[PDB]
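Chemist: everything below, folded, please.
(chains A, B, C and D)
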Amino acid sequence: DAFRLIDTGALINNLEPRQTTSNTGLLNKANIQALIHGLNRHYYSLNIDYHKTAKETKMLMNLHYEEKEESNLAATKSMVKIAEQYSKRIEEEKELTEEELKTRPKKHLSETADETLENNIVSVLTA
Amino acid sequence: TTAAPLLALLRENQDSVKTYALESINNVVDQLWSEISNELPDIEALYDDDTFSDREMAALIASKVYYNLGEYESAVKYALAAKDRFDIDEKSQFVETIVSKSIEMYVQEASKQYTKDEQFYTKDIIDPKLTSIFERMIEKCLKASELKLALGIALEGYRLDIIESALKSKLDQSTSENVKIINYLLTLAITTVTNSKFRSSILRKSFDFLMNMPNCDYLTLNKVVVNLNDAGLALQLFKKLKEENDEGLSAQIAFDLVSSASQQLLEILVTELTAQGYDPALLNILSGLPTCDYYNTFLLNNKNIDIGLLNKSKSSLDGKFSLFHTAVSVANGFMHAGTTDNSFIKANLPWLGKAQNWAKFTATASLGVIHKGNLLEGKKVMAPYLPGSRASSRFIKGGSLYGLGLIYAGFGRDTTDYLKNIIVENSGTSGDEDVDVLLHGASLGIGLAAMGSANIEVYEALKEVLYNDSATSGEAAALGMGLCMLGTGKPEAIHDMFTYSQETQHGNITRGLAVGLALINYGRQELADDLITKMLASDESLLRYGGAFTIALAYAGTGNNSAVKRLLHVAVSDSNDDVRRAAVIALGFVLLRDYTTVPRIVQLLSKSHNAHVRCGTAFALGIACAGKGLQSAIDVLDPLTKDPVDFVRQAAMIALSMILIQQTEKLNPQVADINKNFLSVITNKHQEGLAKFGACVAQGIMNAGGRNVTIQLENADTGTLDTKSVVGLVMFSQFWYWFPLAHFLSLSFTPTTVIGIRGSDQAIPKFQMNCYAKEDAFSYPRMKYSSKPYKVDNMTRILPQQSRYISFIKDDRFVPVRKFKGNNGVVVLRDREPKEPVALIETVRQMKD
Amino acid sequence: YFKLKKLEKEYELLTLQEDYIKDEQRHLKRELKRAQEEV
Amino acid sequence: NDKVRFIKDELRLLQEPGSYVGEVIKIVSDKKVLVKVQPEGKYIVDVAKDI
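Modeler: Numbers count the residues shown, from 1 in each chain, chains lettered A, B, ... in the order given. Let me share the structure:
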């Protein structure tokens, strides 16, 4: 939040500045919102806005062939453990399956299976 | 039974064998169609043979090949080659289908060829085989005596030959039923026909249909002209009514075209009829001068408002928290609108002292809404507030210039030279603070005075105002040029205002030009797609705000299915809260054709997140349904009332104020609990600042003009929209940036009353009118079923539900013409045997002239 | 004939409601991922 | 959408001071119940209107 001093010229003693009243509210904490129009001199509330352009948007979009090689690094070391990677996932699903048999759970079984589905699609992308 | 033996004889050469084998297939079809599909190449081979004359029967069977397989594309082509072999009167399952399938192919091929040329039905561009079968069903509908399907099938086929032939043949004399069928032709040309080119073509043909008959409805004549918006055909109405002038004919057309015609339509009727001669007593009626004067006496004497309502609301808060001084003038201007009552301002002295420059700017501007309707005293009462007299602040003079345009809006030809000369003198000298204040006020007054005017000097005077790099007076210049560009507007003004908006570093000027671009294109529909695409493609926040209003004004009234789809994608993908709320509120302008289906879309968008969106959806029922109202619209706005968010309650209370106008017991029982909640927010002192602002505005809209006026964008006479009401609501729909934008709502006030006019003396008589609406059933609030009748004189408060049973009494020798169409408004009367005047009602025009 | 064209206008209203829900519900997934991480 | 609206509105519930823990001992005809808090002392409060 910002707090602006008083240069007047629209004000002199007491007047009504700050057109375009919309969006958020006062907030702050306690004393600043106690006096707004009465005493505007040393403190009053404000709002914060940010301006962007078309070029500045793509400047932060660089997060996603350099990344192509880095994508194959995860599948490179996984080829050694590909037997041990799928084994630990299937054996984990076997214990989660017996959990539903003793109920008479689904969230723990769904989250475990979702991680296995994405790992199988990435391995196909290497071919 | 197999088709092999019957189809094996077609491979030899004989005259009798080819005929006998072909006729055997036409008799047995539903059994043998299995093997015929494989032998189809052998059947179609004889169709191309010139020496084979049985192809009419061969193509008839070949058409049944694809007809039994479900493909109707090729079944129509081969069926037309049968000629006399295909019987129209057979009325079998094959005949009643292929003929119906040819109608669907006739509509699809006509609309695609209509854009290239409109004469395609006459020329050979269209398939003549599909035209012959199309005209056979036309004569079939004539034998059943149905004019709805006969004239309705030619609308979607884009052909003017059948409409002229069928309508003129059924004209008899008597002519009461012929006008109704022509009236249905106009109604079916709106909803069914979405194209403006074909809709205007029917209006040009429908006008000559009533002129050929000696007895025709004169109200339907103006209904066609205003829909077409052509001043050429309007001149033929006055020439026909010149030597035929009657007490109830030439006078009725004068008042009905006041609000129906646009600004450019009124300029031609006055100029053209001046050289050829015109009635000197009817001069001012075309311009609309007495129109505002007739309702000045109605609002002054019949005013039902109480002074205690504005006294308890104003005295509730004063001094500290000065944002509430705006809401005082909002509720004050509405209730006193048209009554010319200044006593409330001078009543409380401390309220004028606690007002600051921006607060006195609203208080001084409040005189324009209150004193509206009197154009003679407009500058006389506000004279001390006008420039030229030294005041305590410069903003006081600016408030008078804004209030100056409120009274003179559209009549400002007298005040045009006064406001324009101030702008020209301030165009070369600017940059000072006190100079920009006088320029900001004059730019607002000239906008309403020049509203609808094509004058270039007014646009050029406000064009150089934005080039001084001063945003103090620049906010008014952006909104001033938009009212001058209404309707067609200037084509070069689109690219100039759009390019300068991106190069402007001022916040108020950039947001003002986006609203002005929407005012440039009015009713353009697909013609505005060039500006709509460029505004939505920009990444700026303020440019995307005005892009939603451009679709609202261009598609206002009758809309397009592609216009709403564009508004939905802008309010979703874009993350700007101000742009999302601008697209959801624009949906009310495109739905103005039908107010019943408006809450269906609103109820889906009112439950979403981003409360800014829930505010724009709240007015969607207040922009459209305010003209009529619906009980389902209350349940949609019900959960928005309990929302603890401050700026949402402002959207709920204001939207319910316009729908509940003139509602009481045995009408809308929900008004009791809603109206009491308006005073509960003012009574409760624990509410926030924005919570009490909407309570003072909601109570002022319901009680506006002593509850003698309503807010309606359109009433059904000609079928068009009011320029002053629709454009004036666009500015009222936005309260966010500059608080007292509600003063633009005064242009949309529609009073509901029945004012009779005696054509002999062109005066206002006084007599009781027979009606079935009694205060025991249909009544109005003071400070369903109909049984017993009721009588009331002229110039009285009449509800829109009470205007259906209004009937004049002929014992006083007054012959009504329009009688009752189901709504209010001036109804010109007649006189049977004039002898002496009976009664007269003294209006404000007696004290002036 | 009057009620026949009202059925075609009903399909346009159901199409606008169908295209909005599919666009809004898929947009809620982007807002749900933000709302859960911000709180 | 309701799941999204409830999560965004949780900030108002997170800022709520919460509630204490106590035990009921005796009651009176004034709708004032005696609540004994384990860490703190005893407090006589008013029962809810729904109970």
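
Chemist: quick one: is stretch B:106-119 near chain C?
Modeler: No - judged by Cβ under 8 Å from any Cβ of the partner chain, stretch B:106-119 makes no contact with chain C; its nearest approach is 12.3 Å. Heads up, the C-betas are built off the backbone N, CA and C, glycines and all.

Chemist: list the buried ones in that stretch?
Modeler: Residues B:106, B:109-110, B:113-114 are the ones in stretch B:106-119 that count as buried (16 or more other Cβ atoms under 10 Å in any protein chain shown).

Chemist: and residue D:35, which of the three is it?
Modeler: Three-state call for residue D:35 (DSSP: H, G, I helix; E, B strand; the rest coil): strand.

Chemist: please apply the same query to residue A:21.
Modeler: Once three-state DSSP is applied, residue A:21 turns out coil.

Chemist: got a list of what it touches?
Modeler: When contacts are counted by Cβ atoms under 8 Å, 6 or more residues apart in numbering or on different chains, residue A:21 touches B:736-737, B:739.

Chemist: now swap in residue B:223 and tell me
Modeler: So residue B:223 contacts B:183, B:186, B:717-719 (Cβ under 8 Å, 6+ apart).

Chemist: ok, and for stretch B:693-711, which residues are buried?
Modeler: Applying 16+ other Cβ under 10 Å to stretch B:693-711 flags B:693-711 as buried.

Chemist: now do stretch B:44-59
Modeler: Buried residues in stretch B:44-59 (16+ other Cβ under 10 Å): B:46, B:54-55, B:57-59.

Chemist: in chain D, where's the longest helix?
Modeler: Among the elements of chain D assigned as helix by DSSP state H, the one spanning the most residues is helix D:2-8.

Chemist: so after that helix, what's the next helix or strand?
Modeler: Using DSSP states H and E, the helix or strand that directly follows helix D:2-8 along the chain is helix D:10-14.

Chemist: quick one on the thing from earlier: restricted to helices, list the buried residues of stretch B:106-119.
Modeler: With helices defined by DSSP H, the entries of these inside them are B:106, B:109-110, B:113-114.

Chemist: format the contacts of residue B:223 as a markdown table; extra columns: secondary structure, neighbour count and distance to residue B:73.
Modeler: What follows is the contacts of residue B:223, written out as a markdown table (DSSP: H, G, I helix; E, B strand; the rest coil; neighbours: other Cβ atoms under 10 Å in any protein chain shown; distance: Cβ to Cβ, whole Å):
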| residue | secondary structure | neighbour count | distance to residue B:73 |
| --- | --- | --- | --- |
| B:183 | helix | 17 | 39 |
| B:186 | helix | 18 | 36 |
| B:717 | coil | 18 | 46 |
| B:718 | coil | 22 | 44 |
| B:719 | coil | 17 | 39 |
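
Chemist: from those, which is closest to residue A:46?
Modeler: The nearest member of the contacts of residue B:223 to residue A:46, counting by Cβ to Cβ, is residue B:719 at 50.3 Å.

Chemist: now the closest one: how far from residue B:259?
Modeler: From residue B:719 across to residue B:259, the span is 13 Å (Cβ to Cβ, to the nearest Å).

Chemist: which residues touch stretch B:312-325?
Modeler: With Cβ under 8 Å, 6+ apart, stretch B:312-325 has contacts from A:16, A:37-38, B:328, B:331, B:348, B:350-351, B:354-356, B:359, B:362-363, B:682-683, B:689, B:692-693, B:696, B:699, B:739.

Chemist: buried sites along the longest helix seen in chain A?
Modeler: Ranked by number of residues, the top helix in chain A under DSSP H is helix A:66-101. Judged by neighbour count (16+ other Cβ under 10 Å), helix A:66-101 contains these buried residues: A:89, A:92, A:96.

Chemist: and it, how far out from the chain middle?
Modeler: 27 Å (Cα atoms, centre = their mean, to the nearest Å).

Chemist: swap in stretch B:639-647?
Modeler: The answer for stretch B:639-647 is 31 Å, by Cα atoms, centre = their mean.

Chemist: now the terminal residues of that stretch, how far apart.
Modeler: 14 Å (Cα to Cα, to the nearest Å).

Chemist: wait, does that stretch contact chain A?
Modeler: Yes - part of stretch B:639-647 sits near chain A under the criterion Cβ under 8 Å from any Cβ, namely B:646-647.

Chemist: anything in that stretch near chain D?
Modeler: No - using Cβ under 8 Å from any Cβ, stretch B:639-647 never reaches chain D; the gap is at least 9.0 Å.

Chemist: list the contacts of that stretch.
Modeler: Contacts for stretch B:639-647 (Cβ under 8 Å, 6+ apart): A:22, A:25, B:606, B:611-612, B:614-615, B:618, B:648-649, B:651-653, B:656, B:677, B:688-691.

Chemist: can you point out the buried residues in that stretch?
Modeler: Result for stretch B:639-647 [16+ other Cβ under 10 Å]: buried residues B:640-641, B:643, B:645-647.

Chemist: TSV please, covering the residues you listed and showing distance to residue B:559 and secondary structure.
Modeler: Converted to TSV, the buried residues of stretch B:639-647 look like this (distance: Cβ to Cβ, whole Å; DSSP: H, G, I helix; E, B strand; the rest coil):
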residue	distance to residue B:559	secondary structure
B:640	25	coil
B:641	29	coil
B:643	30	coil
B:645	31	coil
B:646	33	helix
B:647	28	helix
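
Chemist: of those, which is the nearest to chain C?
Modeler: Nearest to chain C among those: residue B:645, at 17.0 Å, using Cβ to the nearest Cβ.

Chemist: distance between the helix or strand where residue B:360 lies and the chain's centre?
Modeler: Using DSSP H and E, residue B:360 maps to helix B:357-370. Helix B:357-370 has its C-alpha centroid displaced from the chain centroid by 30 Å (Cα atoms, centre = their mean).

Chemist: same question for stretch A:102-112.
Modeler: Distance, centroid of stretch A:102-112 to centroid of chain: 28 Å (Cα atoms, centre = their mean).

Chemist: also stretch B:163-180?
Modeler: 30 Å.

Chemist: go through it and flag the buried ones.
Modeler: B:163, B:166-167, B:175, B:178-179.

Chemist: please save the CA atoms from that stretch in CSV.
Modeler: What follows is stretch B:163-180 as a C-alpha-only set of coordinates in CSV (Å, rounded to 0.1, in the frame of the first residue of the first chain):
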residue,chain,number,x,y,z
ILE,B,163,-45.3,-11.3,-51.4
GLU,B,164,-46.5,-8.8,-53.9
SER,B,165,-48.6,-11.4,-55.8
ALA,B,166,-50.3,-13.1,-52.8
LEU,B,167,-51.0,-10.0,-50.7
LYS,B,168,-52.5,-7.9,-53.4
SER,B,169,-54.7,-10.8,-54.5
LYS,B,170,-56.3,-11.2,-51.1
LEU,B,171,-57.1,-7.5,-50.6
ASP,B,172,-60.9,-7.0,-50.2
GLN,B,173,-63.1,-4.1,-49.2
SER,B,174,-63.4,-5.0,-45.2
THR,B,175,-59.8,-3.7,-44.9
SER,B,176,-59.6,-4.3,-41.2
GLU,B,177,-58.3,-7.8,-41.7
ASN,B,178,-55.9,-6.8,-44.5
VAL,B,179,-54.0,-4.4,-42.3
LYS,B,180,-53.6,-7.0,-39.5
